[PDB]
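Have a look below at one chain only, the form deposited in one PDB entry, in structure tokens format.
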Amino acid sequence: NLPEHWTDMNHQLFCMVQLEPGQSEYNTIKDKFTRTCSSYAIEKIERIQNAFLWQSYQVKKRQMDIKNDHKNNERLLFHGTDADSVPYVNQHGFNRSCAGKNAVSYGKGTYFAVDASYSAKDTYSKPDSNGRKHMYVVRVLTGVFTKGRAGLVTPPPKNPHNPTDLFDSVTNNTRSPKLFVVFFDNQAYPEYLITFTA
């Protein structure tokens, strides 16, 4: 079930693949980034090939496709993080118990941005001792979402009289979403790592 554009991994379960500028795959990520981060320069873009993270994520995606009536349940979003977190995210993905409090909190989960500019803030993509900033491009199962509240540890119910039937994610604003919060493991696959500088 591993994607056919992935490099052959010689029977290993994890690899970071450096992309080539001028390939469509590099250029669509570079364009998505520069749309709001034109004042930064990209050092490199790496494709994350993590067999176990992919399998768990693809099972969640297939479940949400069945549960939800004909929705586009997946969005491609950004996540800025510090260099110390990069090896953990590459191997294990996004853990809500490691997440910082957001400056505007819509719940206690993992935050993902519509715009690279948001994730490029030093508060998220902290410059390392060589001045490198790190941002992931992430497949996120946003599914059916509502406006969040600082108190949430899971997405709220769709209906107060059916407390277990939940929204898939929450946002800052349902009309004009700029961030999404997910509260479960394997609801986000880190697909690319962008290393960039001021």
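Here, rigid core means the biggest group of C-alpha atoms that superpose within 1.5 Å across both forms. Residues that one form lacks are left out of the comparison. Note that residue numbering begins at 1 and tracks the sequence as displayed.
Trainee: Given that the flanking residues are present, does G109 go without coordinates in at least a third of the other entries of this protein?
Mentor: Negative; every one of those entries includes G109.
Trainee: Among the other entries of this protein that were compared (only those with both neighbours built), does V86 lack coordinates in at least a third?
Mentor: No; none of the other entries leave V86 out.
Trainee: On average, are the C-alpha B-factors higher in 35-43 or in 148-156?
Mentor: So the stretch with the higher mean C-alpha B-factor is 35-43.
Trainee: Averaging C-alpha B-factors over each stretch, which comes out higher, 126-134 or 166-174?
Mentor: The deposited B-factors put 126-134 ahead on the C-alpha mean.
Trainee: Would the CA B-factor of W6 place it in the lowest, middle or highest third of its chain?
Mentor: Ranked within chain, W6 CA B lands in the highest tercile.
Trainee: Using the B-factor values recorded in the entry, state whether the Cα atom of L141 falls in the lowest, middle or highest third among the modelled residues of its chain.
Mentor: It falls in the bottom third of the chain.
Trainee: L77's Cα B-factor: lowest, middle or highest third of the chain?
Mentor: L77: CA B-factor falls in the lowest third of its chain.
Trainee: Would you please rank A120 by its C-alpha temperature factor against the other modelled residues of its chain and give the third it falls in: lowest, middle or highest?
Mentor: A120: CA B-factor falls in the middle third of its chain.
Trainee: Mind checking which third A99 falls in for C-alpha B-factor across the chain?
Mentor: For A99, the deposited C-alpha B-factor lands in the highest third.
Omitted here: the form deposited with a small molecule bound. The next part is about that form.
Trainee: On the criterion of a non-hydrogen atom at 4.5 angstroms or closer, are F52, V89 and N186 all touching the small molecule in the bound PDB entry?
Mentor: No: no residue has a heavy atom within 4.5 Å of the partner.
Trainee: Residue-level contact is defined here as any heavy atom of the residue lying within 4.5 Å of the small molecule in the bound PDB entry; does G93 satisfy this criterion?
Mentor: No - in the bound PDB entry, heavy atoms of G93 and the small molecule never come within 4.5 Å of each other.
Trainee: Fitting the two forms on their core, which runs of three or more residues have every Cα moved by 2 Å or more between the shown form and the other one?
Mentor: Once the cores are aligned, run 102-104 is the only one whose C-alphas move by at least 2 Å.
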